[PDB]
Amino acid sequence: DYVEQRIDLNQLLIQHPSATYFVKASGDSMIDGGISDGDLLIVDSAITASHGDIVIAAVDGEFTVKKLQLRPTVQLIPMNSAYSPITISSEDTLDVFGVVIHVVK
Amino acid sequence: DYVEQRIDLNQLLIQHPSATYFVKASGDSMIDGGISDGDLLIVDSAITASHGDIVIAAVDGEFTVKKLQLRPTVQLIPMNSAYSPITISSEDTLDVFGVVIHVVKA
């Protein structure tokens with residue numbers, strides 16, 4: 001007869017358990033993207049970011065969660081009309097620490 | 001004759017170039033420890049933190065630079081009398097992202 005397999009969120013939401021962590025989002029520079037102040041972002045640091053991905057990054061030593069743009073130029077763009085983009089020029093340092101894979105609201 | 005061997009900060013300050021990054025400190029929860037709002041902290045993510053090390057960590061998804069205490073209990077303690085400690089209980093999650101190896105003031 002049937003056997004009830006209990007729910008396992010780690011198997012459901014995490015591909016790389018050893019390179020995945022959660023970051024709490026802040027502010028609302030990313031609301032239009034579904035992220036809001038307080039949510040938990042599930043971050044995978046074992047995958048390489050891509051144009052379009054939402055990433056936890058450090059620009060000039062300060063952390064942020066932004067959308068990665070690699071073309072036409074490397075930038076960190078918000079998802080809230082009120083905010084303005086951040087271009088990563090040569091005098092600027094960009095550090096990508098992982099790709100946000102899920103947002104837990 | 002003699003040839004001047006140009007200064008190289010990376011060789012001088014960085015042991016693991018590929019696992020080292022810089023974070024800018026915030027607030028003054030760590031002034032008595034030499035860190036002040038604005039400084040660059042050179043972080044080595046290739047060495048495992050130890051009791052006493054100052055680290056970049058996330059407690060319940062929020063990042064911080066604190067001093068790691070593994071004994072008598074696991075905590076994140078400031079270095080400013082005005083601030084109070086943070087214990088890492090079972091209902092809390094602690095994530096250590098690297099040991100601060102140097103503080104660069106300006």
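As a basis for the values below, the full set of heavy atoms in this structure was taken, side chains included, without hydrogen atoms, waters or symmetry mates. Residue numbering restarts at 1 for every chain, and letters A, B, ... go by the order of the sequence lines.
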* chain B contact residues among residues 26-53 of chain A, heavy-atom distance under 4.5 Å ->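 Those residues of residues 26-53 of chain A which would need a heavy atom under 4.5 Å from chain B do not exist here.
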
* Asked: Which residues in residues 81-105 of chain A have a heavy atom less than 4.5 Å from any heavy atom of chain B?
  ->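 Within residues 81-105 of chain A, the residues under 4.5 Å from chain B are A/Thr93, A/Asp95, A/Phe97.
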
* same_hphob_cluster(B/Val23, B/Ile54) at 4.5 Å side-chain heavy-atom cutoff ->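 Yes, B/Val23 and B/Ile54 fall within the same hydrophobic cluster.
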
* Asked: Looking only at heavy atoms, which of residues 62-74 of chain A get nearer than 4.5 Å to chain B?
  ->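 The list, in residue order, reads A/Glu62, A/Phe63.
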
* Determine, using the 4.5 Å side-chain heavy-atom cutoff (strictly less than), whether B/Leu13 and B/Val103 are members of one ILVMFWY cluster. =>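 No, it is not one cluster - the side chains of B/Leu13 and B/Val103 are not joined through contacts under 4.5 Å.
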
* Asked: Is there a path from A/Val55 to A/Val59 through hydrophobic residues (I, L, V, M, F, W, Y) whose side chains come within less than 4.5 Å of each other?
  ->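 Yes, one cluster joins them.
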
